[PDB]
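These notes concern the structure reproduced below.
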Amino acid sequence: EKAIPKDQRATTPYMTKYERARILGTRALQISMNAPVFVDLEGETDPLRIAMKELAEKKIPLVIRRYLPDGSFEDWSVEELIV
Amino acid sequence: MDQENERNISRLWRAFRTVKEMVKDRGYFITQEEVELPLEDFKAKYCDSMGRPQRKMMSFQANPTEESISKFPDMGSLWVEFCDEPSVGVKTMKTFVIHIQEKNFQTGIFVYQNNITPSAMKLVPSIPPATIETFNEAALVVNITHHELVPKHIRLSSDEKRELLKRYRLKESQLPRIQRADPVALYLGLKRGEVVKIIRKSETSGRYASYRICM
Amino acid sequence: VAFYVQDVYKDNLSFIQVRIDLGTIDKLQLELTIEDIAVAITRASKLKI
Amino acid sequence: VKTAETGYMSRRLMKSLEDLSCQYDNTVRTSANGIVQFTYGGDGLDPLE
Amino acid sequence: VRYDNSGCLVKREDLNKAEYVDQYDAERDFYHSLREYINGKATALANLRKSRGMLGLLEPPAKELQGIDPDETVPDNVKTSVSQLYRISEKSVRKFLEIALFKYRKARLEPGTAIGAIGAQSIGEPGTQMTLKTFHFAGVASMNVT
Amino acid sequence: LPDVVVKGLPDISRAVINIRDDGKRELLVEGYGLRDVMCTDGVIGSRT
RNA sequence: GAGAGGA
DNA sequence: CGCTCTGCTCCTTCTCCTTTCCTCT
DNA sequence: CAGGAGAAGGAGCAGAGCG
């Protein structure tokens, strides 16, 4: 039920394609709602491209709650996840 | 006549070997030389003067081994008896269950010959402490566990089941159940709620373990 | 393995006669006798009356 | 004559296995959290890669 | 480590007892296959070496001559021939192992995959292309099959 | 009377001996008597 | 509503 | 020792399904 | 308009016990 502490977390340290797509979608939804960005914009306007560029530099400020079937859940930061 | 009697003798010998190995791999004490009994020995020690299958002598009692009684504290001796009358009815089954009760046996295996009256089946599952099981002689000719398509089953104790449930964080109602009266389940005689671990072999994946429970 | 079947009456009774030809039994090396055929008929008379 | 039968078979086959997911404990499970496989295919390897 | 069903550790004498198999068996088999493949390559190199004078050093040499070159007495001409025929480098072996391990850790069913839908489609869609072809039971024309 | 199954299994249409490769042979049966086929002598029950 | 392409 | 329930097992006669839709007319 | 597969009642016997 409680969050599994960071010291031991069985869930894979990798970033699944579903998690990557969901992170990009959430970050693009936030940016489309006039949210600050943490990358050099370079003139891009479509929020999805800005989200992709942020994920390229690991600048997306989100974490993943991987819900195990029992009920517990490991919180994995996007920065720590590998691609 | 001669051919029918000899065929029945050979079939009974194969059935007796199957029964011996079934009571062996459950954890009881038999010797490999006892199960590996040549047909000549079966004729010599389990037949009358004129050579007919008499079942009153081949019935036996088996007791657990030290390791199996350590793994399973609650496992008493069992009494394997055959029958003389083909159409087993209420009377013979009642005599057998009375004998089981008076002999202080935890379980008994009744290998009926040809047919079981449904009244006997009704009387079968009425014993609180002990239990009895029915095996057709035709159903025991080649043991199921030695077929090519039957993977290795293992009976898991309470401690092993608890370890498995804690490891996978599951419950007793989520594992892939195996029905009671399943031919590889009643072979091991799994009681309701006992986990069996299956060493399943596939050509693309080697061996791996899959777990089931008896329901 | 019947090789013929006949129905024969008598003065006050009737019956069915079938003579199993042992030649075909030997040539087919089947492991059965007259008693085996008779007991098979009696046991499979479930379909019959 | 085969198209309709194949379509129906595919429909019902999908209706059976509609909700099976590889959970984060590496066990294929159904919607009701009833574990059908303890590891996908015995190795947990996706055939796509 | 292959913990037993009771939670204890196998005593190194019954690891392959066929009653203690569990998950991570596929990974051990894959590692054994990798080791077997590298052993086959090294054995091929050693068998080439022993065919041209140089002793095949598949088994590790003793420490009584570990610090010295084990083939200095051999003429340098055959050394070049063996090198140009079969040469296995440290970088090549490390790169092969890294690539194999990366492609293995990549080739795992990622959690959350809708594996049920994938399986149902993979079993149903080929049915849409299974045109009825008449077959028999492996050379027996009479024994018709479906 | 001339249709009662005298010998065999009354659930089998036919049985044909087939010759496998490398000289082996086995019997292919059209019917539903698997348990009886495994039980009857002359065959190996572990592979049927 | 039901007649027929169509892929 | 036939007689009389139960119970089982056939046997017959019943019910619910048959891609995708994509148009026009 | 065909094909497939179950659920529900008659119906004909074994089986058990009996006064």
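Ordering of the structure tokens sets the chain letters (A, B, ...); residue numbers start at 1 within each chain; ligands are numbered from 1 in the order shown.
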At a cut-off of 9 Å, can you tabulate as a Markdown table every residue of chain B near chain F together with its closest atom pair and the distance in Å to one decimal, using only C-alpha atoms and ordering rows by chain then number?
```
| residue | atom | partner | partner_atom | distance |
| --- | --- | --- | --- | --- |
| B:11 | CA | F:39 | CA | 8.7 |
| B:138 | CA | F:39 | CA | 7.1 |
| B:139 | CA | F:35 | CA | 7.8 |
| B:140 | CA | F:39 | CA | 8.4 |
| B:141 | CA | F:39 | CA | 5.7 |
| B:142 | CA | F:45 | CA | 6.2 |
| B:143 | CA | F:46 | CA | 8.7 |
| B:144 | CA | F:46 | CA | 8.2 |
| B:145 | CA | F:46 | CA | 8.9 |
| B:146 | CA | F:46 | CA | 5.8 |
| B:147 | CA | F:46 | CA | 4.0 |
| B:148 | CA | F:46 | CA | 5.6 |
| B:149 | CA | F:47 | CA | 8.4 |
```
Would you kindly report the residues of chain E within 7 Å of chain D, using only C-alpha atoms, as a compact mmCIF listing (two decimals) with N, CA, C and O atoms, in the first residue's frame?
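Result file follows (out.txt):
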```txt
# COMPACT_ATOMS: atom_id res chain seq x y z
N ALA E 26 15.46 -19.05 -17.64
CA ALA E 26 15.70 -18.65 -19.02
C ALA E 26 16.94 -17.78 -19.13
O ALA E 26 17.73 -17.92 -20.08
N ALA E 107 14.91 -7.04 -25.15
CA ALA E 107 13.90 -7.97 -25.66
C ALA E 107 13.11 -8.63 -24.54
O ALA E 107 12.94 -9.84 -24.51
N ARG E 108 12.61 -7.82 -23.61
CA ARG E 108 11.71 -8.29 -22.56
C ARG E 108 10.36 -7.61 -22.73
O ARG E 108 10.30 -6.42 -23.05
N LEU E 109 9.29 -8.36 -22.51
CA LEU E 109 7.95 -7.81 -22.63
C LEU E 109 7.79 -6.65 -21.66
O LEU E 109 7.79 -6.85 -20.44
N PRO E 111 6.34 -3.93 -19.26
CA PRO E 111 5.11 -3.96 -18.46
C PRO E 111 4.06 -2.99 -19.00
O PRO E 111 4.38 -1.92 -19.51
N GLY E 112 2.80 -3.39 -18.87
CA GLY E 112 1.70 -2.64 -19.42
C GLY E 112 1.30 -3.03 -20.83
O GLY E 112 0.29 -2.54 -21.32
N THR E 113 2.07 -3.90 -21.47
CA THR E 113 1.75 -4.32 -22.83
C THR E 113 0.42 -5.06 -22.87
O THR E 113 0.15 -5.93 -22.04
N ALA E 114 -0.41 -4.71 -23.85
CA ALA E 114 -1.70 -5.37 -24.05
C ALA E 114 -1.49 -6.72 -24.74
O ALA E 114 -1.94 -6.96 -25.86
N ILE E 115 -0.80 -7.61 -24.03
CA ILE E 115 -0.35 -8.86 -24.64
C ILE E 115 -1.54 -9.73 -25.05
O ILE E 115 -1.43 -10.52 -25.99
N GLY E 116 -2.67 -9.59 -24.37
CA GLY E 116 -3.84 -10.38 -24.74
C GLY E 116 -4.35 -10.03 -26.13
O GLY E 116 -4.63 -10.92 -26.94
N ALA E 117 -4.48 -8.74 -26.41
CA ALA E 117 -4.92 -8.31 -27.73
C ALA E 117 -3.92 -8.71 -28.81
O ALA E 117 -4.31 -9.15 -29.90
N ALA E 120 -4.36 -12.45 -29.40
CA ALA E 120 -5.61 -12.77 -30.09
C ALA E 120 -5.53 -12.40 -31.56
O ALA E 120 -5.96 -13.17 -32.42
N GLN E 121 -4.97 -11.23 -31.87
CA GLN E 121 -4.81 -10.85 -33.27
C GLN E 121 -3.81 -11.75 -33.98
O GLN E 121 -4.04 -12.17 -35.12
N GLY E 124 -5.69 -14.90 -34.74
CA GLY E 124 -6.87 -14.81 -35.57
C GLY E 124 -6.63 -14.30 -36.98
O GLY E 124 -7.24 -14.80 -37.93
N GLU E 125 -5.77 -13.30 -37.13
CA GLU E 125 -5.51 -12.73 -38.45
C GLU E 125 -4.93 -13.74 -39.44
O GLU E 125 -5.39 -13.75 -40.60
N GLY E 127 -5.63 -16.73 -39.65
CA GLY E 127 -6.78 -17.51 -40.07
C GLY E 127 -7.48 -16.92 -41.28
O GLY E 127 -8.00 -17.66 -42.12
N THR E 128 -7.49 -15.59 -41.39
CA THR E 128 -8.10 -14.93 -42.53
C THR E 128 -7.37 -15.21 -43.84
O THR E 128 -7.91 -14.92 -44.91
```
Excluding region 8-13 of chain I and any residue of its chain fewer than 6 positions from it, enumerate the residues within 10 Å of it, using only C-alpha atoms (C1' of nucleotides), and give them as a PyMOL selection string. chain H and resi 8-14
At a cut-off of 12 Å, list the chain B residues touching chain H, using only C-alpha atoms (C1' of nucleotides), as a list in words.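 Written out as asked, the residues are residues 117, 118, 119 and 122 of chain B.
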Using C-alpha atoms, can you export the residues from the last selection as a PDB file, in the first residue's frame?
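Below is the file that was written, again37.pdb:
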```
ATOM      1  CA  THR B 117     -22.569 -48.508  -7.780  1.00  0.00           C
ATOM      2  CA  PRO B 118     -23.510 -44.817  -7.375  1.00  0.00           C
ATOM      3  CA  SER B 119     -24.653 -45.558  -3.812  1.00  0.00           C
ATOM      4  CA  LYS B 122     -22.537 -41.456  -2.219  1.00  0.00           C
TER       5      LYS B 122
END
```
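Atom pair CA of residue 35 (chain D) / CA of residue 197 (chain B) has a distance of 14.7 Å (rounded to one decimal).
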Counting only C-alpha atoms, which residues of chain A come no farther than 10 Å from chain B, as a PDB file with N, CA and C atoms, in the first residue's frame?
```pdb
ATOM      1  N   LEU A  68       2.042  -1.805  -8.843  1.00  0.00           N
ATOM      2  CA  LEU A  68       2.114  -3.253  -8.831  1.00  0.00           C
ATOM      3  C   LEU A  68       0.732  -3.838  -8.547  1.00  0.00           C
ATOM      4  N   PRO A  69       0.498  -5.099  -8.928  1.00  0.00           N
ATOM      5  CA  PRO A  69      -0.837  -5.682  -8.716  1.00  0.00           C
ATOM      6  C   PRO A  69      -1.247  -5.763  -7.258  1.00  0.00           C
ATOM      7  N   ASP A  70      -0.297  -5.942  -6.337  1.00  0.00           N
ATOM      8  CA  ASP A  70      -0.653  -6.072  -4.927  1.00  0.00           C
ATOM      9  C   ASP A  70      -1.267  -4.787  -4.390  1.00  0.00           C
ATOM     10  N   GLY A  71      -0.755  -3.639  -4.823  1.00  0.00           N
ATOM     11  CA  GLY A  71      -1.260  -2.364  -4.359  1.00  0.00           C
ATOM     12  C   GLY A  71      -0.158  -1.353  -4.137  1.00  0.00           C
TER      13      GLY A  71
END
```
Show me, as a VMD selection string, the residues that have an atom within 10 Å of residue 192 (chain B) when counting only C-alpha atoms (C1' of nucleotides), minus same-chain residues fewer than 6 positions from it. chain B and resid 178 to 180 213 to 215
